[PDB]
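A quick write-up on the structure given underneath.
Letters A, B, ... mirror the listed sequences (proteins, then strands); counts begin at 1. What's counted below: heavy atoms across the whole structure, side chains too, no hydrogens, waters or symmetry copies.
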Amino acid sequence: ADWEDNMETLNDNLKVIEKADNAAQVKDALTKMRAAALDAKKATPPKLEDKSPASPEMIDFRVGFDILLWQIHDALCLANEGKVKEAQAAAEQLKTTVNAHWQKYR
Amino acid sequence: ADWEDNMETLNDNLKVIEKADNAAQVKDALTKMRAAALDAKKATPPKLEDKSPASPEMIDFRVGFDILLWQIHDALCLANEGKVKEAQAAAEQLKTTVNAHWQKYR
Amino acid sequence: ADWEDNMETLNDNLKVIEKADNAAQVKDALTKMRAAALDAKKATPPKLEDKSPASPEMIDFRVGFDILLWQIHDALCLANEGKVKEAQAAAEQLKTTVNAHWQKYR
Ligand SMILES: [Bi+3]
Ligand code: NI
């Protein structure tokens with residue numbers, strides 16, 4: 001998927017997590033989020049299609065997705081132990097960071 | 001070291017995880033796998049020896065090894081909680097991903 | 001510049017961990033360390049300023065930061081399970097790695 005489709009997947013799974021009664025299915029959503037972020041590291045925002053793939057802007061892009069991945073890890077480790085809460089709370093900081101990166105590179 | 005030797009290490013430690021008896025052996029093998037994957041991130045696979053180190057193909061290669069690293073971390077988080085059988089079930093997905101990378105980049 | 005500031009932040013939080021008592025202090029210092037390491041991964045160290053962004057030196061630099069991040073994660077996992085002294089030993093290993101990277105790329 002391209003960049004905006006991956007960001008849409010992230011937002012949709014954040015919504016699934018925030019309204020999750022399915023219990024451990026949060027992990028599934030989190031899983032998808034991870035698979036999105038990693039995939040988005042291979043994409044390029046349209047405004048950076050002219051830059052070099054290793055230019056400082058693209059490096060910042062991929063490293064921001066690394067930050068997202070570490071936050072997703074913080075949520076998923078709590079979800080795996082059996083703590084749906086706190087993971088659902090860190091989903092909000094995840095949404096904040098996702099919106100920040102979206103506004104940054106769109 | 002060599003990308004092929006790193007793949008050998010990944011396969012050997014997957015075999016170790018498949019026959020592991022406790023959580024310590026699973027954790028040790030997963031740590032060795034993580035080291036091998038981090039080292040292979042700096043390598044160039046045989047299929048991509050005609051591509052620049054910052055080409056999109058090499059970036060996608062490194063992102064694939066990032067995916068492998070996060071799956072390794074999932075297995076390691078399962079092993080830290082004492083869930084050895086869940087860790088081996090995750091090592092199955094690890095083996096699928098490793099075989100896919102081997103077939104893709106050899 | 002900012003990479004140097006991130007290295008100094010890493011060193012300060014390593015000192016904080018070495019002089020810590022409970023797990024919350026170690027966790028907070030390790031979270032600050034993760035933030036600083038991620039922020040420095042997308043920077044250019046002074047030794048590599050004369051190199052192209054597409055050079056393999058920068059790729060190895062970022063991969064070394066990935067290694068440092070995973071060591072930070074191991075320390076944070078030790079701290080999250082109420083293991084303070086083990087987290088401090090892991091943080092001494094982190095100090096070794098951080099000083100290695102700092103004196104290598106400064
Ligand atoms: Bi954990
Ligand atoms: Ni973890």
Side-chain angles (χ1 to χ4, degrees), chain B residues 1-3 6 9-10 13 23-24 26-45 48-83 87 90 94 101 105, chain C residues 23 26-27 30-31 33-34 37-45 47-87 89-94 96-98 100-101 104-105:
Chain B
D2 187 13
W3 176 83
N6 289 283
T9 300
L10 296 173
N13 283 281
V26 178
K27 295 175 191 178
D28 179 72
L30 286 168
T31 301
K32 293 176 178 176
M33 289 184 64
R34 183 180 65 187
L38 286 164
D39 184 76
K41 279 198 62 177
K42 288 181 293 183
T44 303
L48 301 184
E49 293 287 357
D50 67 333
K51 304 291 183 179
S52 64
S55 62
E57 293 90 337
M58 283 298 302
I59 296 180
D60 298 356
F61 163 85
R62 291 189 284 269
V63 171
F65 266 122
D66 285 330
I67 299 175
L68 180 65
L69 283 165
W70 285 110
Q71 299 183 3
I72 288 176
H73 156 265
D74 257 8
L76 186 62
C77 170
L78 289 182
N80 292 330
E81 304 173 12
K83 307 176 183 178
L94 277 178
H101 283 7
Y105 293 111
Chain C
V26 181
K27 173 185 177 62
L30 285 166
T31 307
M33 285 188 62
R34 185 176 72 186
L38 279 165
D39 179 67
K41 182 182 178 182
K42 57 185 178 183
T44 301
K47 184 185 176 62
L48 303 184
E49 281 283 350
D50 69 331
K51 300 298 182 181
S52 178
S55 61
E57 288 86 350
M58 293 298 301
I59 304 174
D60 303 332
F61 165 88
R62 294 188 282 271
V63 173
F65 262 114
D66 283 323
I67 298 177
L68 182 57
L69 281 167
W70 285 110
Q71 291 181 358
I72 293 175
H73 160 267
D74 291 352
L76 184 55
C77 179
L78 282 179
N80 287 332
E81 56 199 15
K83 298 183 178 180
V84 178
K85 184 178 182 179
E86 311 82 327
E92 291 295 333
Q93 298 288 348
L94 261 60
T96 291
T97 308
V98 165
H101 178 99
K104 177 179 178 60
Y105 290 102

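Rounded to the nearest 0.5 Å, atoms CZ (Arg34(B)) and CD (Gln71(C)) are 7.5 Å apart.
Each of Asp66(B), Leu69(B), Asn80(B), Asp39(B) has some count of heavy-atom pairs under 4.5 Å with chain C, and the biggest count is that of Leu69(B).
Shown here is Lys27(B), whose NZ atom has more than 12 heavy atoms of other residues, nucleotides or ligands within 6.0 Å. Heavy atoms from other residues, nucleotides or ligands lying under 6.0 Å from NZ of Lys32(B) number 12 at most.
Ring geometry, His73(B) versus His73(C): the interplanar angle exceeds 60°, so the pair is classed perpendicular (tilted spans 30 to 60°).
When every heavy atom of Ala54(C) is checked against every heavy atom of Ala54(B), the shortest pair comes out as CB-CB, 3.6 Å.
Side-chain contact check for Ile59(C) versus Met58(B): every heavy-atom pair is 4.5 Å or farther apart.
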